[PDB]
Amino acid sequence: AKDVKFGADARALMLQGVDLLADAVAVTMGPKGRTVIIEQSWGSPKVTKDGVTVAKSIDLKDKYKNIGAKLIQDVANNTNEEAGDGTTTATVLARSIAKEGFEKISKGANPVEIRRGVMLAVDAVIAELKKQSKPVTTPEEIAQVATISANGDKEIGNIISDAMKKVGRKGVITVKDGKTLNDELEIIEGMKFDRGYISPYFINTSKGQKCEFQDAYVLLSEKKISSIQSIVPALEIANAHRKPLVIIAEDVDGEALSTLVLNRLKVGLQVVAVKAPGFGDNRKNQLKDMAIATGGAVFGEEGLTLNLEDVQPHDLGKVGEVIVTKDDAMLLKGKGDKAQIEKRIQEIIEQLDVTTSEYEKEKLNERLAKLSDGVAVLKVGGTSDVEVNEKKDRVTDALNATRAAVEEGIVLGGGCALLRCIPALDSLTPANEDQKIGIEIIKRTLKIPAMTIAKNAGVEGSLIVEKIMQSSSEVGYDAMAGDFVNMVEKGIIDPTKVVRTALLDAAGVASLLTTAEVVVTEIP
Amino acid sequence: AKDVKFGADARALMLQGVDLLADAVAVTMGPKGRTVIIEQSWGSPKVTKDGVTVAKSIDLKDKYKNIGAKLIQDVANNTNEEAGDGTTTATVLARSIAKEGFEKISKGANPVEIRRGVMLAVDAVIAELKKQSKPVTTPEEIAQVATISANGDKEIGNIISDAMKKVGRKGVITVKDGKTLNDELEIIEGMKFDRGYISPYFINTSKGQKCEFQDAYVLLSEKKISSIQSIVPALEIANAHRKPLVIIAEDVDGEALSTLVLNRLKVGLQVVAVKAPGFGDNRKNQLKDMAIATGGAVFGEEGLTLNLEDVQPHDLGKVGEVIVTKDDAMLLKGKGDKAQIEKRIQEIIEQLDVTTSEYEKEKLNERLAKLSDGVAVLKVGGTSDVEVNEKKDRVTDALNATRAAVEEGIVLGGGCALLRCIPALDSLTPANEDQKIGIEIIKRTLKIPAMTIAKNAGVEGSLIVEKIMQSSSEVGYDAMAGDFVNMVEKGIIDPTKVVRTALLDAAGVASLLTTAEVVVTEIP
Amino acid sequence: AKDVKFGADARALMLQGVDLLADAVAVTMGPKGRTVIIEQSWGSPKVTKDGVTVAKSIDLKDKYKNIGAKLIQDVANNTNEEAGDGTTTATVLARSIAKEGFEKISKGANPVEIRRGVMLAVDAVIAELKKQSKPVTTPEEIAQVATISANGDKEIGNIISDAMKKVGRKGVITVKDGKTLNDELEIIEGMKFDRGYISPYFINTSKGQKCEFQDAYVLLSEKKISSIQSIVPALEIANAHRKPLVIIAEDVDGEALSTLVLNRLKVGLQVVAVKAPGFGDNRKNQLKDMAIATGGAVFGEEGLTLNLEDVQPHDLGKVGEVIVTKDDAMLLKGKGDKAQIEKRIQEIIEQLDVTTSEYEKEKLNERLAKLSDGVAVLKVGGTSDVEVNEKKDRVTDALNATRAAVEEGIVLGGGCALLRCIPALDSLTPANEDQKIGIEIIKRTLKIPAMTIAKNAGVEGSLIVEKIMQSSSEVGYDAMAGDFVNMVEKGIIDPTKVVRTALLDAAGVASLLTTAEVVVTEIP
């Protein structure tokens, strides 16, 4: 069956669901957040203080309150960019916008004009943030930001800055467990292509739901899986030789997905299937470049007429470690970078020298970097594995924060980045009264992050937000210290990218919640 | 589904659960505790008077009262250090702290400042205990403490003191069943590595959930299990030869865990898998030392390129008895201590003579002790097995208490160790009023252990705790005698380690119960 | 789940359960007891007048009333010593003590002091009984007691006395079915070792849950079962030859228990596994003596290096009949008492002649008796099997009563043995008022046995117990006759051992019921 609710009733039930979820995730705001205890099916309760886990583990009995809580949890789950606290701010802002918009709609207003006003002013506050963003360009600035994001550690900051300097800013830096007493940095010959899992069941490591094979071959074909019969002979090589296979192809269809998943689930396979690197003639060029660097040969459609049905291990590319995420992939070491990598780099340089268009030239530059630059492996050391594992987690978080900072900038932390945009953007001209109402809604919501951090660190946040407003453009409120200390000098900063993405996602989900007119639920 | 409670409601339900569990375990306090009858599924009821079993066997229907009772039972279960009455004191202190903190929070106070005050004063009382600890250094003192901890027996005390003197203080002493009319002490060539079970289903002995094999080989490899195919050929040697195998490797992954557990559960295997001794280059050095002492050869990654896939019984190390706990492991006898142990001890001595760093030097000293010192086997005799078994249990308890005393010290027993710290630590300066409230909470809780022992031995404990406060620093209250007898002279002492650990664990769990703001429960 | 009750509530529910069970068993007191009809699943109701069956067949719906009724039934079941009416008296005394102690605790008193007073005076009444016990030493006295215990029969008394005289007092006397018109006594060469079943499923005879094999070999090994593979080849001999095997070893582990039980349950095995005779070097010496007498050879660990894995029927000891109880075992006839029994008896005599210690000397004497003395088989005859079976039961009961009398003594019957101890033990000095209360409780309970027999034989027992108190030390109350006849002269006597054991067990179980403070029950 299907129960259909209309307008105000559906909007109220969804708002109640998001209210519950947003409160449960609001308790995790600020550097002084309070823990939340979530039960586990087997074992002791899990004590967490991060909004992502809360949002993922908050279920609702009602199907409308649940349609709202998953509508807020969907945004929390789409944050697979390892963003730092970009799911708590988004959820709190979304709940505030949705609640106030619904309240004002109930008092009489056009749900579409409200959304127009909200989006105008969200765009005006994303321009203000881009204006206020302080760039992070020099190695000294990069080191300072890395130290700030590494919980104050100086070794972590120095080792992140050195890795970035040596392998290029926004370069391919990967943290790995090390067997030494102290951290060390090394550079090896590999490349990361932007294509991850095809199904979530390929994971081979609990940590980060990642999939790793220390030494294995890769199957490069430019034709997507069309029949299961294609896969069967290839896996026979993986069984015959000790080194398993890694499948990188144009695409994978449902039949291949089911076959691989079912075979892995019981027999215990160690082979993965991932989509090819990019699209267009450039997708084929990069696939051939990967085969050339790895010593392989494309087994898809070609004039040479080489097929993957007939297994030929004379040309099976061995890469060593191969780490593939739900969104990324990496071939760390290259076999054949002795004969096939010099010729191909020279060929790419020659094609660049005959550049005809910017787009093709840019893709050629990308290929050249992919092939020549390699990747920097960051080894973290310690006295014991548990200490090493904790340090690895910390350095990975610091690296992600530093990369986010390097891509855009660093704005005042503690929720003041948004709070500083209120007074500067009173110049907007809403078209109708309802657009002005939406602008007012957004103006009021920008305070909520700072209000929540202070309600989680201090006793009252209204006075704190008033003081921050009346203070100088560089003064905020250090929740840890409890004093209005210079925000940027004291090293309380958040990447511009995180705040921008959180603000945009909250606006989008709140627009969905405020515009939705009909909800179709399955009766239980 | 998931029902989410917030703040006071969740805190009250968890407090009720811990109240129930803490009462049931409070009835077991003092040397005059009262028995508690717990039903059994099959057979007669079990009559026990120890807090550990009570805590393990106390289940709650409510899921919030249960989230609190398992939160208190989790601390009781993490006591796998054979601690004596370090689970009853911890539970009672935790319940007192949680109840009073919740009551004062309800009257209005900041849950975080209360925790800060509690932790400041718990740290001040752990410093006071370390100050008041009387060392246990000389063999005469060790013998006196052993006699006190052996229920007053002098033979047990003498045999424990002799074993400690002969095999080094905090040395490797293991009690075993003996086939003689009286106790005897012998020293043999073995070593205990600090790595126990990988899953709880490897147990082979009901007593202490331990796993023993009188004579078996050990499989030493420096590469953790990567495929099940590795295990299969190794077990074939165990089947072919009468002596089974013992697997000590870098680590064991889920696939190997499942394979071994399922094969053992039905076929009746007698092989164990345990993690390697330590981490770093030292982990490999100690693994090679174990192989050299046992006559084996490391089958993990090496330049020699020796693998465990090809079974080679010419180099299978036979150890004799092998006893592995959930947290420990022991290779009691060594085959090849005739040719491979002299060379290796000389090599370790030479490397020590060329010591470059303290950490490496300390690890070299540890290896030297492991190899040369051996272990002392303590045999307990008696007229019949049941008498021998009871004496073995008693001597094991006395040995554990003596080792705890030798590691730190011996403070007044009967709950007066903590009670003596109240008057001496009124000098703390809490930062806010709430921190003073927390200090007062801790000041009041320190009495509760002595109050409970007297409520379990006498009629009222308030007057007893007042008298102990007003009496001299050496006078307490002997619950057995019912007179304020000199505590230390009358042999009522508790290890400093036990009181310290109980006090720290109670503070931690009470902090969890007082800070927890949200509880996520699965609806039934 | 687990529902936990505390103090008075749990004590009241358990007291109600024991009240029900103790009434149902109280109706079976005295020689004039009244029958109780208990339903059977299939067939006609069973009409019984013995407390043991009542107690075993009394189940309670409540889980607390049941925790008390099984707490009283546990003592009734632990009476596997074939004690005569030592389960009815124990139950009635336990109920009286528990009820009065609980009532006085409710009025305000320390449950521990009450127990101390109860135990002091129970010890004072066990000393008084040992003082009043009249010895049974001469053959005439033994015959008189046997006639009294055989329901007055003189043939039974004479045949029991003759067997005891010929095979030594407390000697190995076993009653067996005979194929003659009248009873006959014979002496054969066998020995009974004090080790019975390892699991209750080895029973092969409904009567007395005993297990018998008329002619079978015995497997003697000094190493307990370590693997199932050990058992398999041994049973193959039992299958090949018509005579089955009997397994006597150091011990049997769970795997062997399960294997043997499951194989027996379906295939219909006729082999038993029993623990070895005693412990220590004496356990091995007696096992070797058994092998030498039976013609066997120990197959456990030895310098000869003889194992039981290789079946060798040249040295399989044949014993003839082999009767093993849950607590006892017997090898009635010996093959090889022609060559291996003279040498071994001479060896034991020589070792005795070189006696060095009393304990070793006593064990040598025990071995000498075991080997030389043999056992006396008591054959009971009759016209038909049913008559023979009834006479066998009667003579077995008389023999057990006579042995109990010979071990300690014979005190006045009809419940006056305890009743005579009240006036003589008013001299105790309880330490506190509560200890005096406990002494009063015990003083009042000692009447309850005589009070119950008279309430089961006469109309009122208060006047009867008053008259017995005011009468002479030899006068009691014959319930059958209904006259205050000389108790000892009229042949109304009970063994001192039975009264002592009943009094001790009742005190212990009542102490458990009065001290228990917490009860943990599984919710249904």
# chains A, B, ... in the order shown; residues from 1 in each chain; ligands from 1
$ select_by_dssp --residues "region 303-440 of chain C" --states "strand (DSSP E)" --output "list in words"
residues 317, 318, 319, 320, 321, 322, 323, 324, 329, 330, 331, 375, 376, 377, 378, 379, 380, 410, 411 and 412 of chain C
$ interface_residues --of "chain B" --to "chain C" --cutoff "10 Å" --atoms "only C-alpha atoms" --output "ChimeraX atom specification"
/B:20-21,23-25,27,32,34-41,43-47,54,57-62,178-181,268,270,381-386,457-459
$ write_last_selection --atoms "N, CA and C atoms" --output "short mmCIF file (atom, residue, chain, number, x, y, z; two decimals), in the first residue's frame"
data_model
loop_
_atom_site.label_atom_id
_atom_site.label_comp_id
_atom_site.auth_asym_id
_atom_site.auth_seq_id
_atom_site.Cartn_x
_atom_site.Cartn_y
_atom_site.Cartn_z
N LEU B 20 21.41 -1.18 40.93
CA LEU B 20 21.12 -2.59 41.14
C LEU B 20 22.39 -3.42 41.15
N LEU B 21 23.22 -3.27 40.11
CA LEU B 21 24.43 -4.09 40.03
C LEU B 21 25.38 -3.79 41.19
N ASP B 23 24.66 -2.64 44.21
CA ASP B 23 24.19 -3.25 45.46
C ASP B 23 24.51 -4.74 45.49
N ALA B 24 24.19 -5.44 44.40
CA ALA B 24 24.43 -6.88 44.35
C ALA B 24 25.91 -7.19 44.54
N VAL B 25 26.79 -6.29 44.11
CA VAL B 25 28.22 -6.52 44.29
C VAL B 25 28.72 -5.93 45.60
N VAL B 27 27.22 -6.29 48.47
CA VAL B 27 26.97 -7.34 49.51
C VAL B 27 28.19 -8.25 49.62
N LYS B 32 34.17 -10.31 55.68
CA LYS B 32 32.96 -10.88 56.33
C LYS B 32 31.76 -10.76 55.40
N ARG B 34 28.67 -11.45 52.70
CA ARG B 34 27.54 -12.36 52.75
C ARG B 34 27.31 -12.97 51.37
N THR B 35 26.99 -14.26 51.35
CA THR B 35 26.88 -14.98 50.09
C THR B 35 25.68 -14.49 49.29
N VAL B 36 25.77 -14.68 47.97
CA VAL B 36 24.69 -14.36 47.05
C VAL B 36 24.44 -15.58 46.18
N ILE B 37 23.17 -15.98 46.06
CA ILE B 37 22.77 -17.21 45.40
C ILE B 37 22.28 -16.86 44.01
N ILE B 38 22.99 -17.34 42.99
CA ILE B 38 22.65 -17.08 41.59
C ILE B 38 22.23 -18.39 40.95
N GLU B 39 21.09 -18.36 40.26
CA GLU B 39 20.55 -19.57 39.65
C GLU B 39 21.41 -20.03 38.48
N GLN B 40 21.38 -21.33 38.22
CA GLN B 40 22.06 -21.94 37.09
C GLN B 40 21.03 -22.61 36.19
N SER B 41 21.33 -22.63 34.89
CA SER B 41 20.40 -23.23 33.93
C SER B 41 20.18 -24.71 34.23
N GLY B 43 21.41 -27.85 37.00
CA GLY B 43 22.10 -28.17 38.24
C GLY B 43 21.66 -27.28 39.38
N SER B 44 22.32 -27.48 40.52
CA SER B 44 21.97 -26.74 41.72
C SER B 44 22.44 -25.29 41.61
N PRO B 45 21.84 -24.39 42.39
CA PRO B 45 22.28 -22.99 42.36
C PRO B 45 23.74 -22.86 42.77
N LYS B 46 24.41 -21.86 42.21
CA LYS B 46 25.79 -21.56 42.55
C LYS B 46 25.81 -20.52 43.66
N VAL B 47 26.50 -20.85 44.75
CA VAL B 47 26.65 -19.95 45.89
C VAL B 47 28.06 -19.38 45.82
N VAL B 54 29.34 -12.22 40.42
CA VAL B 54 28.07 -11.47 40.58
C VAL B 54 27.95 -10.53 39.38
N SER B 57 27.27 -12.12 36.12
CA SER B 57 26.02 -12.88 36.04
C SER B 57 24.82 -12.02 36.39
N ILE B 58 24.95 -10.68 36.39
CA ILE B 58 23.81 -9.74 36.69
C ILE B 58 23.32 -9.13 35.38
N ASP B 59 22.17 -9.56 34.89
CA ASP B 59 21.57 -9.11 33.60
C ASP B 59 20.34 -8.25 33.91
N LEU B 60 20.02 -7.28 33.06
CA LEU B 60 18.87 -6.35 33.29
C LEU B 60 17.92 -6.38 32.09
N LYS B 61 16.61 -6.41 32.33
CA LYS B 61 15.58 -6.44 31.25
C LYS B 61 15.59 -5.10 30.52
N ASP B 62 15.51 -3.98 31.25
CA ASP B 62 15.57 -2.63 30.65
C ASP B 62 16.85 -2.54 29.82
N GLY B 178 51.28 -31.10 41.29
CA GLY B 178 52.42 -31.95 41.59
C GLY B 178 51.97 -33.31 42.10
N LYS B 179 52.79 -34.32 41.85
CA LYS B 179 52.51 -35.69 42.26
C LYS B 179 53.31 -36.10 43.50
N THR B 180 53.52 -35.18 44.43
CA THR B 180 54.26 -35.44 45.65
C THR B 180 53.43 -35.07 46.87
N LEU B 181 53.82 -35.63 48.02
CA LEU B 181 53.07 -35.39 49.25
C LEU B 181 53.22 -33.95 49.73
N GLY B 268 37.87 -31.32 16.49
CA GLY B 268 38.59 -31.43 17.75
C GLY B 268 40.08 -31.17 17.60
N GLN B 270 43.79 -29.35 18.21
CA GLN B 270 44.57 -29.00 19.39
C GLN B 270 45.73 -28.09 18.99
N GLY B 381 51.90 -30.02 46.38
CA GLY B 381 51.60 -31.40 46.67
C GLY B 381 50.47 -31.58 47.66
N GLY B 382 49.99 -32.81 47.80
CA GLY B 382 48.90 -33.09 48.72
C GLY B 382 48.58 -34.57 48.70
N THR B 383 47.67 -34.95 49.59
CA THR B 383 47.28 -36.35 49.71
C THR B 383 46.36 -36.79 48.58
N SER B 384 45.47 -35.92 48.12
CA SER B 384 44.52 -36.26 47.07
C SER B 384 44.41 -35.10 46.10
N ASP B 385 43.91 -35.40 44.90
CA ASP B 385 43.86 -34.40 43.85
C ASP B 385 43.02 -33.19 44.25
N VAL B 386 41.85 -33.43 44.85
CA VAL B 386 40.99 -32.31 45.24
C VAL B 386 41.71 -31.40 46.23
N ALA B 457 30.22 -6.50 57.93
CA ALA B 457 30.86 -7.23 59.06
C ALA B 457 30.22 -6.83 60.39
N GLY B 458 30.02 -5.53 60.64
CA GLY B 458 29.38 -5.03 61.87
C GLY B 458 27.92 -4.67 61.62
N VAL B 459 27.34 -3.79 62.44
CA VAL B 459 25.91 -3.37 62.31
C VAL B 459 25.86 -1.99 61.64
#
$ residues_around --residues "region 364-377 of chain B" --least-positions-apart "5" --cutoff "6 Å" --atoms "only C-alpha atoms" --output "VMD selection string"
chain B and resid 172 to 174 186 to 191
$ write_last_selection --atoms "C-alpha atoms" --output "short mmCIF file (atom, residue, chain, number, x, y, z; two decimals), in the first residue's frame"
data_model
loop_
_atom_site.label_atom_id
_atom_site.label_comp_id
_atom_site.auth_asym_id
_atom_site.auth_seq_id
_atom_site.Cartn_x
_atom_site.Cartn_y
_atom_site.Cartn_z
CA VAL B 172 58.35 -16.00 35.80
CA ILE B 173 56.69 -18.19 38.50
CA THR B 174 54.03 -20.69 37.43
CA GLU B 186 62.24 -26.53 40.42
CA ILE B 187 63.72 -24.29 37.74
CA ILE B 188 63.53 -25.15 34.03
CA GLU B 189 64.47 -23.45 30.73
CA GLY B 190 61.50 -21.49 29.24
CA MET B 191 60.12 -17.98 28.53
#
$ residues_around --residues "residue 313 (chain B)" --least-positions-apart "4" --cutoff "12 Å" --atoms "only C-alpha atoms" --output "number ranges by chain"
B: 217-219, 233-238, 240-241, 243-245, 295-297, 299, 308, 317-318
$ residues_around --residues "residue 158 (chain B)" --least-positions-apart "2" --cutoff "8 Å" --atoms "only C-alpha atoms" --output "PyMOL selection string"
chain B and resi 143+146-147+154-156+160-162
$ atom_distance --atom1 "CA of residue 363 (chain A)" --atom2 "CA of residue 331 (chain A)"
19.4 Å
$ atom_distance --atom1 "CA of residue 11 (chain B)" --atom2 "CA of residue 122 (chain B)"
21.9 Å
$ select_by_dssp --residues "region 71-259 of chain B" --states "helix (DSSP H, G or I)" --output "MDAnalysis selection string"
chainID B and resid 71:77 88:106 111:132 139:149 154:167 200:202 207:209 228:240 254:259
$ closest_residue --among "A:113, A:392, A:378, A:139" --to "residue 434 (chain A)" --atoms "only C-alpha atoms"
A:113
$ residues_around --residues "residue 509 (chain B)" --least-positions-apart "5" --cutoff "10 Å" --atoms "only C-alpha atoms" --output "MDAnalysis selection string"
chainID B and resid 68 71:72 74:75 90:91 93:95 97:98 504 514:515
$ residues_around --residues "residue 472 (chain B)" --least-positions-apart "2" --cutoff "12 Å" --atoms "only C-alpha atoms" --output "list in words"
residues 416, 420, 466, 467, 468, 469, 470, 474, 475, 476, 477, 484, 485, 486 and 487 of chain B
$ closest_residue --among "A:109, A:121, A:92, A:287" --to "residue 425 (chain A)" --atoms "only C-alpha atoms"
A:121
$ atom_distance --atom1 "CA of residue 493 (chain A)" --atom2 "CA of residue 396 (chain A)"
17.8 Å
